[PDB]
Structures are given as C-alpha cells and as structure tokens.
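Structure record follows, encoded as structure tokens.
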Amino acid sequence: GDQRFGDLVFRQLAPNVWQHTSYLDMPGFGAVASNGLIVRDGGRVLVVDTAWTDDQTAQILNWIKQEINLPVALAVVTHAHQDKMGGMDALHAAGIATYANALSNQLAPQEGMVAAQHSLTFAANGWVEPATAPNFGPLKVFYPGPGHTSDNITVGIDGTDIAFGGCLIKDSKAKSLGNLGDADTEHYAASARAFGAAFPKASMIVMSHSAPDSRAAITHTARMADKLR
Ligand SMILES: O=C(Nc1nnn[nH]1)[C@H](Nc1ccccc1)c1ccccc1
Ligand SMILES: [Zn+2]
Ligand SMILES: [Zn+2]
C-alpha cells in the first residue's frame with residue numbers, strides 16, 4: 001500500500017512503522033530509490049536516515065506533520081553517504097536532534113555531508129553503548145562490522161518483526177552488492193551475518209535499495225560477499 005506524497009513514497013510496514021522512499025535520477029542511470037524508516041513511539045516520532053536531499057527530507061517532515069502530527073524527537077542516520085545523510089540540514093532546520101556512528105561524523109566533512117549533532121559509540125559485541133543513545137525508545141542500534149562502508153550501522157525496532165540493514169543488505173534476488181568503492185571486501189560477509197545474528201527474530205528485513213524482504217536477504221547478501229574474500 002504505497003502512499004505518494006509529492007515526489008516521495010511512504011509504505012506502512014507495521015502499526016507504528018513506515019518506510020520512506022526518495023529518488024535520485026542521474027544521466028546514464030535509472031532513478032535510484034533509497035529507503036529509510038519512520039517510527040511512531042507513543043507521542044513522538046523517530047526517523048532513520050534522511051532522503052537524498054534537503055528538499056526531499058523536508059517533505060518527509062511534512063508528511064509526518066500531516067499524517068502523524070507529533071514531534072520528531074530524533075533521527076539516526078546509518079552511514080556518511082548522500083542517500084543516508086544528504087538531508088541533514090533539513091533535520092537541523094526543523095530542530096530535530098541527530099545521531100550517527102562516531103565514524104560517520106568523522107567521515108561526514110570529507111564525504112560532503114553535514115555531521116549529525118551527536119556521536120554513537122559501540123561496544124565490542126557491536127551493540128550501541130546506551131549512554132550514547134539517550135531516548136532511542138524501541139530503536140536498537142547495532143554496528144555489524146565494516147561492509148558496504150566502514151561506518152555502516154543497522155537498526156532493529158523493538159515490538160516489531162523489523163530490522164533495518166541500510167545499504168549493507170541487498171534483497172534475496174539482488175544481482176550485486178551495489179557500489180563497493182568504500183566497501184570492506186574482506187569483512188563484508190561476516191558483517192552481513194553479524195547483522196542477522198543480532199536480530200534473529202526479525203522476519204521483515206528492510207534495506208536501502210530494495211523493498212522489504214525475508215531473511216533470505218541476509219543469507220543471499222552474505223553469500224555474495226563470500227565471493228569478495
Ligand atoms: O547509493 C548508491 N549505491 C549503493 N548503496 N548501497 N550500495 N550501493 C548509488 N550508487 C553509487 C554510485 C556511485 C558511488 C556510490 C554509490 C548512489 C549514491 C550516491 C549518489 C548517487 C548514486
Ligand atoms: Zn552508502
Ligand atoms: Zn546506498
């Protein structure tokens with residue numbers, strides 16, 4: 001049930017969860033979809049990832065205002081690339097507190113992104129140190145290890161069957177791992193399986209560049225990454 005709002009698409013995945021989708025169309029390539037998440041947590045909203053641009057991201061906020069009409073308490077962004085952090089200024093202009101992997105905030109200047117206002121750090125088991133993720137509610141943030149990028153993180157939603165792989169995970173029928181220019185080819189496979197292991201009850205796997213899929217997305221992504229070692 002896709003809901004069109006301006007140039008963006010919103011799809012409800014759970015009573016309190018929506019996928020947001022925005023498009024970037026360059027010459028010599030088809031328009032590229034990028035997906036993030038919107039979560040209503042009681043009387044507030046949480047966002048995972050910006051759209052490609054400030055204008056699109058402001059439209060995400062406008063849709064939230066129209067359909068949910070509750071404050072957006074925070075956003076977490078899942079690595080320092082345009083499809084995940086291209087709209088940071090729109091979030092800050094709206095007064096929304098922003099969070100990213102410390103490494104993402106480190107990379108953001110060079111990558112041409114505005115850094116998030118707060119840095120997450122991670123324990124050795126990969127789970128976010130909770131003292132760096134205040135008031136994340138049902139958002140369970142996990143660093144699976146380097147893969148699509150060295151800084152990519154992932155997000156599960158407590159109370160749902162949903163885990164978000166961002167650009168790390170591709171769908172079960174994908175024909176490649178996408179752009180590998182910033183990838184960690186040696187560690188990608190372990191990182192994909194680490195993501196699955198951290199959210200073992202998740203039956204709906206959401207990702208950046210395909211529609212939601214079964215856990216076969218994890219096994220297939222990892223099996224493709226095995227070929228990079
Ligand atoms: O996001 C993407 N690819 C992806 N995501 N996850 N795995 N591959 C898109 N491809 C791409 C192209 C060149 C360099 C890096 C990525 C894209 C990103 C940014 C601007 C335009 C297009
Ligand atoms: Zn990326
Ligand atoms: Zn991507």
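Index from 1, following the sequence. Start at 1 and go down the list; that is how both ligands and their atoms are numbered.
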Looking at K84 and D151, is there a salt bridge between them, counting it only when a charged N and a carboxylate O are closer than 4.0 Å? no
Region of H209 engaging ligand 1 - heavy atom pairs below 4.0 Å: side chain
Is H148 close enough to the Zn ion (ligand 2) to have an N, O or S atom under 2.8 Å? yes
Ignoring hydrogens and geometry beyond distance, is a side-chain donor-acceptor pair present between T53 and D55 at under 3.5 Å? no
Tell me whether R229 at atom CZ has more than 12 heavy atoms from other residues, nucleotides or ligands lying less than 6.0 Å away. yes
What do we get for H148 next to ligand 1 when only non-hydrogen atoms under 4.0 Å count, side chain, backbone, both or neither? side chain
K170 heavy atoms within 4.0 Å reach ligand 1 at atoms 6 (N), 7 (N), 8 (N)
Row for the Zn ion (ligand 3): angle SG (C167) to NE2 (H209), 10° precision, value 110°
Ring centres under 6.0 angstrom apart (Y99, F136): yes
So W52 and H209, would you call those rings parallel, tilted or perpendicular, with 30° and 60° as cut-offs? tilted
Opening angle at the Zn ion (ligand 2) [NE2, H79; ND1, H81; to 10 degrees]: 100°
Nearest protein heavy atom with distance in Å, relative to atom 19 (C) of ligand 1: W52 CZ3, 3.6 Å
Between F199 and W127, is the ring centre distance below 6.0 Å? yes
Please identify which atoms of ligand 1 are closer than 4.0 Å to at least one heavy atom of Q82. 20 (C)
Nearest non-hydrogen protein atom to atom 8 (N) of ligand 1, with distance, is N179 N, 3.0 Å
Specify the protein heavy atom at minimum distance from atom 1 (O) of ligand 1: its residue, its atom name, and the distance to 0.1 Å. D83 OD2, 3.1 Å
Closest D83 atom to the Zn ion (ligand 3) [N, O or S only]: OD2
Look at the rings of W63 and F10 and say which category their plane angle falls in: under 30° parallel, 30 to 60° tilted, over 60° perpendicular. parallel
Judged by modelled atom types alone, do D182 and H81 share a side-chain donor-acceptor pair under 3.5 Å? yes
